[PDB]
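K.L.:
In case it helps, the UniProt record's numbering puts the sequence shown at residues 2 to 398, 406 to 487.
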Amino acid sequence: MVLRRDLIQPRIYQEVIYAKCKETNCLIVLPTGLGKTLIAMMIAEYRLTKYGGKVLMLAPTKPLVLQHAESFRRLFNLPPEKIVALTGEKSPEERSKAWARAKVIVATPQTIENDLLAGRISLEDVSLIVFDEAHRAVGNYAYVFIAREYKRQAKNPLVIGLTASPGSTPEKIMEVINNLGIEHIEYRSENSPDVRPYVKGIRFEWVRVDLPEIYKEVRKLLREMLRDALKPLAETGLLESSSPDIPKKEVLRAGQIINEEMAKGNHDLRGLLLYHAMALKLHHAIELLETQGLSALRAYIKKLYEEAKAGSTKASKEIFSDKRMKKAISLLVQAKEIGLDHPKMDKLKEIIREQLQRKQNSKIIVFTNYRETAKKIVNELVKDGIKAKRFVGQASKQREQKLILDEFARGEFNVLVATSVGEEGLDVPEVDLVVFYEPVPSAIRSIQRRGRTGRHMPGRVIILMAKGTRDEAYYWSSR
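(1) In whole angstroms, what is the alpha-carbon distance linking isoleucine 130 and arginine 48?
(2) Taking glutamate 291 and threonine 477 to be in contact with their CB atoms under 8 Å, please state how far apart those CB atoms are, rounded to whole angstroms.
(3) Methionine 346 and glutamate 308: beta carbons closer than 8 Å?
(4) Report back the beta-carbon spacing between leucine 239 and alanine 264 to the nearest angstrom; my notes put them in contact at under 8 Å.
(5) Fully enclosed by the region 179-244, which beta strand (DSSP E) runs are 3 residues long or longer?
(6) Check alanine 389 in the structure and name its three-state DSSP category.
(7) Express the C-alpha separation of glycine 459 and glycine 202 in angstroms, rounding to a whole number.
(8) Checking contacts by CB at 8 Å: is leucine 231 closer than that to chain D?
(9) Can you tell me which of the three DSSP states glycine 312 falls into?
(10) I think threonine 38 touches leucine 223, with their Cβ atoms under 8 Å apart; what is that distance to the nearest whole Å?
(11) Specify whether the region 57-67 and the region 80-93 touch according to this definition: at least 3 beta carbon pairs, one from each stretch, less than 8 Å apart.
(12) Runs of 3 residues minimum, wholly inside the region 294-369: which ones carry the beta strand (DSSP E) assignment?
(13) Below 8 Å on the Cβ atoms is my contact criterion, and I expect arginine 372 with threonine 427 to pass it. Report the Cβ-Cβ distance as a whole number of Å.
(14) Helix, strand or coil for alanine 474 per DSSP?
(15) Quick test of your reading: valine 56 and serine 123, contact by CB under 8 Å. State the CB separation rounded to the nearest angstrom.
(16) Restricting to runs no shorter than 3 residues, where is the beta strand (DSSP E) found entirely within the region 96-174?
(17) Helix, strand or coil for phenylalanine 416, going by three-state DSSP, please let me know.
(18) Whole angstroms are fine: how far does the CA of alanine 389 sit from the CA of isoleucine 471?
(19) Need the endpoints of the alpha helix (DSSP H) that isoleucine 455 sits in, please.
(20) Please classify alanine 336: is it buried, with 16 or more other beta-carbons within 10 angstroms of its beta-carbon, or exposed?
(21) Would you mind stating whether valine 425 and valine 334 have Cβ atoms separated by less than 8 Å?
(22) Based on the DSSP output, what are the partners of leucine 441 in its beta bridges?
(23) Report the rounded CA-to-CA distance for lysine 327 versus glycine 419, giving the unit in angstroms.
(24) Which of helix, strand or coil does DSSP assign to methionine 42?
(25) If contacts are defined as beta-carbon pairs under 8 Å, then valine 177 and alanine 119 qualify, I think. What distance do you get, rounded to the angstrom?
(26) What are the boundary residues of the alpha helix (DSSP H) that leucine 274 is part of?
(27) Where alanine 60 and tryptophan 100 are concerned, what is the direct C-alpha to C-alpha distance, given to the nearest angstrom?
(28) Measuring CB atoms only, is the region 315-325 touching the region 193-211, in the sense that at least three cross pairs come out at less than 8 Å?
(29) Closest to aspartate 126 by C-alpha separation, out of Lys156, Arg325 and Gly386, would be which residue?
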């Protein structure tokens, strides 16, 4: 038994596909998590036992090359030194030395191209090439060249391209199909009768948090001011509408547009630069209010008040002379008076409470897009009677990661609060529940994918949303 099929329990669709693409240049299109690489290895085994003795898998990044290389070593019953990884960091000689004895080789297209031109290696004995992320086999990419070489100098050629999508454009698809000499495409959806039996229902529980009067009001005032700040920009045509709902990106555009016009020698739309600055500030204020809460807003309004007194920023001045900003500032104090910072925190505490109550042994993960929010959540939870610990990915304020993660696993603390980077915590056994402070794309994606594999999955997951705020829109927008 060359491939340890006994350890991977190939599924029906995996089997079927392997059988068809076994002797035809194919494109295997499956949503991530369904085993494309595994199917590849199944095919790789068929080639190594019937034809020559060289299988080559290419991958975009180096971490991907290493990863695949390891999986092959784990599932293949072949001498460990015959499974080589060419990241292109070895001595130009060793690479040729490795390629020499290798029976399976995983490398980046970059390096394989070089040594291919230089004449150090020849893909004539390669009974199979697998292009991971084959869709990037367009234009200039090293894939296209390698594909061409292989196509002409290979004894028994077989091209297998793996991808979650070959392209979005007919032209784009045609380019890769032709570049890789694709004779056939095997597609599958999470719903193919072929795959369904292997896909887990997820059930994300979307819970809508209502907004307390003060929060609601402060927000309305801030929005209304933003509207007025945008009206003039819109009436000029610098943006589609003066709606406080427009994307931040659209207002930044309105700004640089005015700049590129002064660089040309216009200077008419000069006065509008004032409103653009107020917009940016008001927009940021709303952003803090929604993303973090009243306290973050208060802090910013203050730091913004120093800019007004310093007499430097005309924008900051104008914003304070507005009766609305005034009433906002009064409510903002009225808030601290009752300890109101953000509705989600209250709801978060509540659900985490009832969870630890039904099982104080609970292991729960809280996700958030922002580090600041993560920090405020940890404190607010430890401030209550809860054992919470922050989990972020070293960039500003490494290995402790593994340490803390192990603690989470053993039962040290009950709550792991992390940003996108902490999605590896989902690989910890028996994690009872994860709750998204806001929807966090990468993590929601991770969970979605795990449902396709048999990897650890949370017992239940809750997504929180602020009634009538971007949160809601994102729920819908997502169909």
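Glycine residues also receive a C-beta, built at the ideal position from the N, C-alpha and C atoms.
P.N.:
With the structure as the only source:
(1) Pairing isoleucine 130 with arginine 48, the inter-Cα distance amounts to about 10 Å.
(2) In this structure, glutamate 291 and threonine 477 form a Cβ contact; the two beta carbons are roughly 6 Å apart against a cut-off of 8 Å.
(3) Taking 8 Å as the Cβ cut-off, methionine 346 and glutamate 308 do not qualify as a contacting pair.
(4) That belief does not hold up - the Cβ atoms of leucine 239 and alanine 264 are roughly 16 Å apart, past 8 Å.
(5) For the region 179-244, whole beta strand (DSSP E) runs of length 3 or above, ordered along the chain, are 185-188 and 205-210.
(6) Per DSSP, reduced to three states, the secondary structure at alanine 389 is strand.
(7) Their backbone Cα atoms lie some 7 Å apart in a straight line.
(8) Given the protein chain composition of this structure (a single chain), no chain D is represented.
(9) Collapsing the DSSP output to three states places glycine 312 in coil.
(10) That belief does not hold up - the Cβ atoms of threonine 38 and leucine 223 are roughly 49 Å apart, past 8 Å.
(11) Because the criterion of three Cβ pairs below 8 Å is met, the region 57-67 and the region 80-93 touch.
(12) Qualifying beta strand (DSSP E) stretches, in chain order: 365-368.
(13) Going by Cβ atoms, the distance from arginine 372 to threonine 427 rounds to 6 Å, so yes, they are a contact pair.
(14) In the structure shown, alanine 474 sits in a strand (DSSP, three-state: E or B).
(15) At roughly 15 Å, the Cβ-Cβ gap does not stay under 8 Å, so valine 56 and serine 123 are not in contact.
(16) If only complete runs of 3 or more residues are kept, the region 96-174 shows the beta strand (DSSP E) at 105-108, 129-133 and 160-164, in order along the chain.
(17) Residue state, collapsed to three classes: helix.
(18) Taking the straight line joining both Cα atoms gives about 19 Å.
(19) For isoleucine 455, the enclosing alpha helix (DSSP H) covers residues 449-458.
(20) A buried status is given to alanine 336, since no fewer than 16 other beta-carbon atoms sit within 10 Å of its beta-carbon.
(21) No, the pair does not count as a contact, with Cβ atoms beyond the cut-off.
(22) Residue pairing of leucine 441 in beta bridges, as defined by DSSP: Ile365 and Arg468.
(23) Spanning the alpha carbons of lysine 327 and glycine 419 requires a straight line of approximately 48 Å.
(24) Secondary structure at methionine 42: helix, using DSSP grouped into helix, strand and coil.
(25) Approximately 26 Å separates the beta-carbon atoms of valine 177 and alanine 119; this is outside 8 Å, ruling out the contact.
(26) Judged by DSSP secondary structure, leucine 274 falls within the alpha helix (DSSP H) whose first and last residues are 273-292.
(27) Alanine 60 and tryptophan 100 have their C-alpha atoms some 16 Å from each other.
(28) By the C-beta criterion, the region 315-325 is judged not to be in contact with the region 193-211, since fewer than 3 inter-stretch pairs fall below 8 Å.
(29) Measuring from the Cα of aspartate 126, the nearest candidate turns out to be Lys156.
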